[PDB]
Amino acid sequence: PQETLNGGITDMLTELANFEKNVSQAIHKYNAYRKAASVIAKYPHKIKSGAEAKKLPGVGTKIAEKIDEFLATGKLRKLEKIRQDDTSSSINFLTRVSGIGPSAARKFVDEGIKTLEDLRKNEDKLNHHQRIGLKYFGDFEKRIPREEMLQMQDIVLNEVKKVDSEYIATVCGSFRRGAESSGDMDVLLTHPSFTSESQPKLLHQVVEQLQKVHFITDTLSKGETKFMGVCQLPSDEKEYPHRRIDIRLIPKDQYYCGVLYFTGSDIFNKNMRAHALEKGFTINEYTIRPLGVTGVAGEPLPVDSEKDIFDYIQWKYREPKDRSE
DNA sequence: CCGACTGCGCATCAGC
DNA sequence: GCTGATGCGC
DNA sequence: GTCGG
Ligand SMILES: Nc1nc2c(ncn2[C@H]2C[C@H](O)[C@@H](COP(=O)(O)NP(=O)(O)OP(=O)(O)O)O2)c(=O)[nH]1
Ligand SMILES: [Mg+2]
Ligand SMILES: [Mg+2]
Ligand code: NA
Ligand code: NA
């Protein structure tokens, strides 16, 4: 639906959400406001009253009350005030730097460090992640057009196969759902030699090759199963924005549960789990399991493709395209 | 009334 | 030194 | 902040 429907309300709720997460450090209030924001964003009518909004799941007494104030006045007194607050708005802003959370942001603002400029001045007080986040502050907040994501996929699948043709790599996330743009790139990686009961250079070798051809440019974090970092498409034209890329190495017997999980959406993943229990199965990130007569979970069932998971719960395979809910 | 709201990998801190 | 807790991102 | 046991 059009933003001009309830965009004022959803903007208000999103703004309240961020201050809860970043300033009050109340993560559950943060998700509460966002849940309320989401369901109102989907609501196909211009809301006339807080009581009207309250019918929706996720909208309670306090938000219905806040909406009443917004509709009547065009603003929120509390929001106006906190917007104004130099301390709170600075803390809120610094968290936009990847690696700087609520705790670091507060500590920085505590000692007078409030801006990117201030961060740029105080490099030795930033850890490795926070420096990278600072270095690519602008780039990290850009979205990635699908065409560039396709070019990025080309390089990943090529270099991965070059390392070992028996690797299996799948670019999941919104891109796999066929979105016209993405926030980052999520690559899931496996190899027949790696199972749950199973070299742990399997991830390193792929990262290394992607670094060698200068696709991967920076490393945020890297262990034996998970890589988080920065990549960039090759350039006399203007150079591309640096992009966030994650690579996960998953055991083969857990790969397609992994692919399903990290393809999303979260809203879709929720239903699929809920319907999975109603059929007597439990689905998490790693496995699908039967729930015995009292709720005792048996051994993880063998999964060799996505559809296998759909078959167990008697679902017909839904294409990633049709997985926004 | 009052507990749940995903929980894990990695980097780094806190403490022994 | 090591172990467990915390911060962070997702 | 919201929901529900
Ligand atoms: N249990 C649980 N799992 C979650 C939750 N939130 C997310 N997940 C899981 C399920 C999600 O699929 C995954 C996050 O993948 P991203 O790449 O960060 N999001 P995407 O790629 O779709 O969009 P973008 O284009 O912006 O990158 O984490 C949660 O609250 N609870
Ligand atoms: Mg993504
Ligand atoms: Mg991601
Ligand atoms: Na409600
Ligand atoms: Na941040």
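The sequence lines fix the lettering, A, B, ..., with proteins before strands; numbering per chain opens at 1.
- Taking 4.0 Å as the cut-off between side-chain N and carboxylate O, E159(A) and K162(A) count as a salt-bridged pair.
- Rounded to an integer number of Å, the gap from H128(A) NE2 to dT12(B) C1' is 13 Å.
- Checked for salt-bridge contact, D86(A) and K114(A) meet the test: a charged N lies under 4.0 Å from a carboxylate O.
- Clustering ILVMFWY residues whenever any of their side-chain heavy atoms sit less than 4.5 angstrom apart, transitively, puts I100(A) in the very cluster that holds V23(A).
- Contact detail for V160(A) and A169(A): the closest heavy-atom pair is CG1-CB, 4.2 Å.
- The NZ-P distance, from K222(A) to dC8(B), rounds to 23 Å in whole Å.
- One finds no salt bridge joining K66(A) and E69(A) here, because no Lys/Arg side-chain nitrogen approaches an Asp/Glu carboxylate oxygen to under 4.0 Å.
- Here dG1(C) counts as north. Its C1'-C2'-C3'-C4' torsion is positive.
- When the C1' atom of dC8(C) is taken as reference, atom CD of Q130(A) falls 9 Å away, rounded to whole Å.
- Each of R83(A), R77(A), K78(A) was compared with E80(A) under the side chain to side chain donor-acceptor pair (under 3.5 Å) criterion, and only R83(A) meets it.
- Going from atom CG of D186(A) over to atom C1' of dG9(C) covers 12 Å, rounded to whole Å.
- In summary, contact between chain A and DNA chain D, defined as any nucleotide atom under 4.0 Å from a heavy atom of the protein, begins and ends at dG1(D) to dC3(D) in the 5' to 3' direction.
- Note on ring orientation: taking the six-membered ring where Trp is involved, the planes of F310(A) and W315(A) are parallel (angle under 30°, cut-offs 30° and 60°).
- Comparing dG4(D) with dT6(B), their P atoms are spaced 15 Å from each other, to the whole Å.
- At a non-hydrogen distance threshold of 4.0 Å, nothing from residues 174-183 of chain A comes into contact with DNA chain D.
- Separating the CZ atom of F140(A) from the P atom of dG9(C) is a distance of 11 Å, rounded to the nearest angstrom.
- Under the 3.5 Å distance criterion, the side-chain polar atoms of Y136(A) are left unmatched by any main-chain donor or acceptor of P241(A).
- The CG-P distance, from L94(A) to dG7(C), rounds to 17 Å in whole Å.
- The two atoms that bring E325(A) and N271(A) nearest to each other are O-ND2, 3.1 Å, heavy atoms only.
- Heavy-atom distances under 4.0 Å link DNA chain C to no residue of residues 54-71 of chain A.
- Between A41(A) and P1(A), the shortest heavy-atom contact is O-CG, 3.1 Å.
- Counting only N and O atoms by type, the side chains of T95(A) and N92(A) include no donor and acceptor under 3.5 Å apart.
- For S221(A), the side-chain atoms get nearest to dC10(B) when compared with the rest of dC8(C), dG9(C), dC10(B).
- In this entry the distance linking CG of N31(A) with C1' of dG9(C) reads 13 Å, nearest Å.
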